[PDB]
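Chemist: here we go, the starting part of the complex in its complex frame:
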Amino acid sequence: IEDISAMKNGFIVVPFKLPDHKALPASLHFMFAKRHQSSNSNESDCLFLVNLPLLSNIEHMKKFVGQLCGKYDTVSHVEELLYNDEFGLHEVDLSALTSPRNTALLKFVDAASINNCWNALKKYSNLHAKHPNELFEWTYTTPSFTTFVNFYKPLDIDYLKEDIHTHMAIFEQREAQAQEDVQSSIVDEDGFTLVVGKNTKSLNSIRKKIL
Amino acid sequence: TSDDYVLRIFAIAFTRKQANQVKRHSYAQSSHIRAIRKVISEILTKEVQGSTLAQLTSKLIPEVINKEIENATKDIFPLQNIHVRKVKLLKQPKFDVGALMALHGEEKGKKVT
């Protein structure tokens, strides 16, 4: 368990020691990371991350990469972080449906920084090999009674009014444009006009009737 | 009903005219008549079988059922004076004094000597 430094599928084990809980008489919380290969422009320079701790947010990711950079005299700036649905409330996009689990993606500012922090992870795997006390500690953002009562708190009526107003505005505008382009007397390139019934409002809906 | 009260319902409505109506009368086709009849009777059967007795009374109070029928029949024809005329109890189930006391909302004496 000491020389297990990486996986043969390219994945690299990333330990995290734990402090002494009063109800438990220190393990190593193991994470994994890999470079991402994707054709998306916004998914460029990103680390596939596996087995993240509880509430692995942008501040704690910055703390981890700052500890890594301060240890290895390196420079690696976190740009953003993606796909952090730990409880799974966005597994279905019902909005556009009717109109990656336990993993995440960590974006950096340039390829220099991602290769740099990747070398930092490689040396951290070598730390797991040889010096297990030089491995880092992950102190969670420990969610407390104040955070649970923020979960339990009512909403702000001004916030509700604003989001409702803007949502009706954008929905009204897009529905007006949909009614216009549906009942705007469409003709094809060759002489061919479609048939459209009264009070019908969506071309996607016409194709769904055909479906 | 779901309360097993056998009931007979009489409802009525009138063929109003449009605001654009140039015609003196407002008369519709018997096809419209039978279609609207079927629509109405569906509405009544559904709502009553979904309802109980006190639930039917509470529905009966703020005339909401005829408004429902109006919004249903809004596409067929402009109508007016849509009203449930009459209710006929036909059978009543077994007796439940506890249920009656509940739907209405124990007693000691005065020591006469």
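Modeler: Yes, it's here. Residues are numbered from 1 along each chain as shown, chains lettered A, B, ... in the order given.
Chemist: return the helix or strand hosting residue B:54 as PDB; C-alpha atoms alone will do.
Modeler: Applying DSSP states H and E as the criterion places residue B:54 in helix B:53-60. Only the C-alpha atoms of helix B:53-60 are listed here, as PDB (Å, rounded to 0.1, in the frame of the first residue of the first chain):
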ATOM      1  CA  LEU B  53     -70.600  14.600  -0.100                       C
ATOM      2  CA  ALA B  54     -69.100  17.500   1.900                       C
ATOM      3  CA  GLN B  55     -66.600  18.000  -0.900                       C
ATOM      4  CA  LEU B  56     -69.400  18.300  -3.400                       C
ATOM      5  CA  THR B  57     -71.100  20.900  -1.200                       C
ATOM      6  CA  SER B  58     -67.900  22.900  -0.900                       C
ATOM      7  CA  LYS B  59     -67.500  22.600  -4.700                       C
ATOM      8  CA  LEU B  60     -71.200  23.600  -5.100                       C
END
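Chemist: residues contacting it, please?
Modeler: The contact list for helix B:53-60, computed with Cβ atoms under 8 Å, 6 or more residues apart in numbering or on different chains, reads B:1, B:3, B:5, B:47-48, B:51, B:65, B:84, B:87, B:103. Bear in mind the C-beta positions are built from the backbone N, C-alpha and C, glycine included.
Chemist: now the helices for the chain?
Modeler: In the absence of a named chain, chain A is used. All helices of chain A, identified by DSSP state H, fall at A:58-72, A:94-98, A:111-130, A:145-151, A:157-182, A:203-210.
Chemist: my question was about chain B, not that one.
Modeler: Secondary structure of chain B (DSSP H): helices located at B:30-50, B:53-60, B:64-72, B:97-104.
Chemist: just checking: what are the partner strands of the longest strand seen in chain B?
Modeler: With secondary structure taken from DSSP state E, chain B has its longest strand at strand B:80-91. Here strand B:80-91 is paired, per DSSP bridges, with strand B:6-14 (antiparallel).
Chemist: then the strand it pairs with to PDB, C-alphas only?
Modeler: Listed next in PDB are the C-alpha coordinates belonging to strand B:6-14 (Å, rounded to 0.1, in the frame of the first residue of the first chain):
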ATOM      1  CA  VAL B   6     -76.700   8.200  -5.300                       C
ATOM      2  CA  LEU B   7     -77.500  11.500  -7.000                       C
ATOM      3  CA  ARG B   8     -79.100  13.000 -10.000                       C
ATOM      4  CA  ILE B   9     -77.900  16.300 -11.400                       C
ATOM      5  CA  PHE B  10     -79.700  18.800 -13.600                       C
ATOM      6  CA  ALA B  11     -77.700  21.500 -15.200                       C
ATOM      7  CA  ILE B  12     -78.700  24.200 -17.700                       C
ATOM      8  CA  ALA B  13     -77.000  26.700 -20.100                       C
ATOM      9  CA  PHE B  14     -77.900  29.100 -22.900                       C
END
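Chemist: what subset of the contacts of helix B:53-60 is buried?
Modeler: Buried by 16 or more other Cβ atoms under 10 Å in any protein chain shown: B:47-48, B:51, B:65, B:84, out of the contacts of helix B:53-60.
Chemist: and these, which two are the farthest apart?
Modeler: Using Cβ to Cβ, the pair of the buried ones among the contacts of helix B:53-60 lying farthest apart is B:51 and B:84, separated by 13.2 Å.
Chemist: the following sequence is to be added as chain C:
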Amino acid sequence: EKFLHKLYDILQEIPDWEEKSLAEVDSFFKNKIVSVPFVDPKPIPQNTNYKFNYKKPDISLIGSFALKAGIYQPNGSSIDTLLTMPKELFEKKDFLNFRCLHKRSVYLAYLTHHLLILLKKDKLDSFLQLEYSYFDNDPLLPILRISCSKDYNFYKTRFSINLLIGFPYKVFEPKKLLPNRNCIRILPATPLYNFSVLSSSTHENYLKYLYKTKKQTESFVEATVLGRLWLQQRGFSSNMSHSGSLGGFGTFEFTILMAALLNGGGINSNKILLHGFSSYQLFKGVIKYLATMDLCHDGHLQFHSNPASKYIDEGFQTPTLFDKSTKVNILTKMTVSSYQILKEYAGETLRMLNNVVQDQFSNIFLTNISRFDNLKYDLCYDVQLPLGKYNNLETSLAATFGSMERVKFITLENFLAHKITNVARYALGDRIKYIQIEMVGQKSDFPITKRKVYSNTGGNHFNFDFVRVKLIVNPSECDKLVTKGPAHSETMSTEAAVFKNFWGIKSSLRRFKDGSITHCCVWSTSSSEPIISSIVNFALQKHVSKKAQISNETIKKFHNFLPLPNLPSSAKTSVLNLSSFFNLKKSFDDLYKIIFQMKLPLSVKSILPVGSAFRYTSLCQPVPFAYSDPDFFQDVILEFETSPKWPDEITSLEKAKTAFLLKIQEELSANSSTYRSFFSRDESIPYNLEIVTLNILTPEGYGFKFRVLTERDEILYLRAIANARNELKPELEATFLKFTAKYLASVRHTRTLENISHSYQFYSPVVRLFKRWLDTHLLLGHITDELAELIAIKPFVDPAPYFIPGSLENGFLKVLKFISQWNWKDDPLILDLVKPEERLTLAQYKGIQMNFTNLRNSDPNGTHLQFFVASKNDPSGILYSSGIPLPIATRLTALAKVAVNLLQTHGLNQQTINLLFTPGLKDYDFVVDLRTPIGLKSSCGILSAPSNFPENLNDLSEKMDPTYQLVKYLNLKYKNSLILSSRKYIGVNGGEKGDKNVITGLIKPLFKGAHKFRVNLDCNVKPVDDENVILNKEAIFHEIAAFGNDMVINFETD
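Modeler: Alright, chain C goes in next:
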């Protein structure tokens, strides 16, 4: 058969002996080891000038073997060998004053003596067992019981031989031995004496006539074994039931009634049971006849063993089948209470066989109901009666046992049983339906060396230790506040006279609001014991014996484990009061009328409650301003008028719902300023991230949630079903399933359950004990409340083979017994949600049955669905049973099994209730004991109090409890690797202050082992190789420690 042949040879070898005086007889059976089993009273040598004589009797047989309708009894049976007397030894002056009885006793004593002598000759004594006993528990008629033990070793046959001693045909006159006649002269009649002597004279004619009817019919033996097994599984026997036992009707009386019904039975004495019947036809005819024809009160039957059976409209105040050919009242060994309970059993069996949709063979014939008294009868009480001695009766008993009392009840056993039954039925009246007593400690077996059965325990000298009373209570008339009495006039009536003479200091004169005058008696209800218990205590302490002890600490502790709300006089409020429910419903009508008179641009269609307290099944009855209850905010579903301009997108639609609720909020803050309001982001349905419940606080101390429903919600959800991907199907099906479970069938469920609960008032309190005990076993976080409601109403709506529960402990052991005997993997579960006599049809029943077959073909073990719970509102049966796992299912079923085993072996006691209500806390991978820093019992309002709503709704949220959100979010994260369980109602399950919870988590045995490291493995692991990974248990442990870091007090692992 060969054994009885050899014993016939023995008895014809047995020599005879002559007319002998009592001195000769007592010297005989004094220098012989055998003692004469003299029936009480013993012959005294001054009042006897007659003597004794034994000559050769005439030998015959009777029983199921002689009728050739025997089964293989697992416990053991017997065959009756009768010896009938010499009439030349008899005289006409032998049937008065126990003369023939003492003749019989010395006859039987010499019989067993010389049978013992011939047994010491033939040397079968090493494996035979010889003892005295009573003919169907008749102390006035002892018999011989020959039993065996491990070449005539008949012990493997499980048969015994009962030697009966009977008189010849027409020795003593049957018109002189009519039950209205007196033959014990000291004038009152001697009914048991008349019946017993007349039956002893006329045993064999009944054998002849019944064998004749068996010869004339074709299925007589099969109808006999049906009646036998039915009476056995019901708990009946031919024994004399007048002595604190259940009987008076068994195989012999059943067969005699079959013969009478084949001979006639109708009022017009026509043939109603026909000889061309089959076995089911005969059984159905006799059970209809017994269900519809009274033999006791207002009518009786008559027949002739030699002539048709005619039913006459006079009941002899006793179950009366009058054989005029023998002038025998057949059913004299039966009491009126035993008669009425077997009449109701005939009735319930009749309705069972008239059930055409379902099958009832298993519940009619394959269920023994006489295993648990609390399961068979509604109420129960123990009464220790340490009466003492024969001379200490007069100082222990409030009544008197004199000469005519001995004539009526020759046995003090029948005397005391009759006395306590009549005083109990008089003091109780309309509050109870049926009453039964068991004289606990009674026996019928005693060896040869004794004159009778001698008892010296329980402070008495009679065959019992105490008396356990059991009651089938009237549910509607138990909780009446006054026991009604007769009216008052200037000249005092006999009825009100015996009323005041009975009730004594409770007797008074009372007037009412209508202006009625009558005598009544005052009682005060309690939340710990019923008025029934107080009045039975008072009655048996006034009019039977002042030294008696009456209790039921079982129902005491059940009434205590019923939760006690912080209400004025709630210590006096009994179980049936629904006053807080009526208060919440009145406040609901206030909100109803104000929101109905409020205006919005679209018309309010329908506002409906689906509150658990609205359907009367909240765990507590709610208290004003006790907002820390989990069931405080009752769900209220909203529906508006149908608009053709709804937004046809789901997020815009739910946000329009938000806007309409905002309009309600602004107008209520305008015109209804005495109420408080806020918005709570409801999210309880997955993948919908916009739900807002309008929460209203009302200065009646109550709170509700308000949520919008639309046909547009349903049509867009069906659109989502239409456009979802093939692999994204079943998750979204589960979402819409939970949606319609909490929305659509919820209203119909609450409606019909309110209706059927008002029909069965006692279902509402027994469901409150069920989920409380279930909370103590912590499975509430996975089982749905509406499913639990159906489980609790199942034995009420399906009482077969028992009765309806009329008491809390009875309903609780019935729901536990059903879940213990249920096998959900094979047995489906269907309810007919109707009042007592919209029933379910057979075609619908076949449809839902085929649905269950399709479900059990697609899932035969239950890895997708364990419990199949269906009704009229639920044609699918998946609505409230989905989302429960097989480990939880096995846990609850093993809980029910260990419960039925606890009550089987350890029996009923307070310690068994405590072991039932404590958690097991076993088979768990990890256990976290947490304590909220503030206790919530007083704020929740359970009696060990809040008086207002505080200014800050944030402070309302502070006083809410977060362990439920804790555990449910831990379950959303670890649905992939863990299963978790918690305590939901801290105010009833938080120790003393109401601040403690236990969190029990079990590992999946799949993630217990090692797997290939996948990108979608989704578990905190520690790699055992560079390819295979094992779970990171300590990481899980510190992660839950950090998630509940402020409330975690201790943590334990397996």
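Chemist: ok chain C is loaded, check the contacts of helix B:53-60 again?
Modeler: Outside helix B:53-60, the residues that touch it by Cβ under 8 Å, 6+ apart are B:1, B:3, B:5, B:47-48, B:51, B:65, B:84, B:87, B:103, C:592, C:606, C:751.
Chemist: residues contacting residue 38?
Modeler: Just so you know, I chose chain A. A:44, A:46.
Chemist: sorry, should have said chain C
Modeler: C:102, C:105, C:451-452 are the contacts of residue C:38 under Cβ under 8 Å, 6+ apart.
Chemist: one more time with 7 Å, if that's ok
Modeler: C:102, C:105, C:451 (Cβ atoms under 7 Å, 6 or more residues apart in numbering or on different chains).
Chemist: nearest to chain B, of these?
Modeler: Closest to chain B out of the contacts of residue C:38 is residue C:451 (56.7 Å), distances taken as Cβ to the nearest Cβ.
Chemist: how near is the closest one to residue C:41?
Modeler: Separation of residue C:451 from residue C:41 (Cβ to Cβ, to the nearest Å) stands at 11 Å.
Chemist: between those two, who's got more neighbours?
Modeler: residue C:451 (17 against 12; other Cβ atoms under 10 Å in any protein chain shown).
Chemist: return the backbone torsion pair for residue C:432.
Modeler: phi -120, psi 150 (degrees, to the nearest 10).
Chemist: next one: the one 10 residues further on
Modeler: Phi and psi for residue C:442, reported as degrees, to the nearest 10, are phi -80, psi 140.
Chemist: that one: neighbouring residues, count only.
Modeler: Neighbours around residue C:442, by other Cβ under 10 Å: 18.
Chemist: ok, now residue C:497?
Modeler: Using other Cβ under 10 Å, residue C:497 has 12 neighbouring residues.
Chemist: roughly how far does it sit from chain B?
Modeler: Distance of residue C:497 to chain B, given as Cβ to the nearest Cβ, to the nearest Å: 17 Å.
Chemist: in CSV, list the C-alpha atoms belonging to the helix or strand encompassing that residue.
Modeler: Using DSSP H and E, residue C:497 falls within helix C:494-503. Output of helix C:494-503 as CSV, limited to C-alpha atoms (Å, rounded to 0.1, in the frame of the first residue of the first chain):
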residue,chain,number,x,y,z
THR,C,494,-88.1,-2.4,39.7
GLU,C,495,-85.6,-1.8,36.8
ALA,C,496,-84.3,1.4,38.3
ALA,C,497,-84.6,-0.2,41.7
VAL,C,498,-82.2,-3.1,40.8
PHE,C,499,-80.1,-0.5,39.0
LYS,C,500,-79.6,1.6,42.1
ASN,C,501,-79.2,-1.6,44.2
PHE,C,502,-76.5,-2.7,41.9
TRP,C,503,-74.6,0.6,41.4
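Chemist: what about the helix ranked longest in chain C, near chain B?
Modeler: Across chain C, the helix with the greatest residue count (assigned by DSSP H) is helix C:729-759. Yes: Helix C:729-759 reaches chain B (Cβ under 7 Å from any Cβ of the partner chain) through C:751-752, C:755, C:758-759.
Chemist: show me what that helix packs onto, helices and strands only.
Modeler: helix B:97-104, helix C:711-723 (3 or more Cβ pairs under 7 Å, 6 or more residues apart in numbering or on different chains; DSSP states H and E).
Chemist: now do that helix: distance to the chain's middle.
Modeler: 30 Å (Cα atoms, centre = their mean, to the nearest Å).
Chemist: could you do stretch C:259-271 as well?
Modeler: Counting by Cα atoms, centre = their mean, stretch C:259-271 comes out at 36 Å from the chain centroid.
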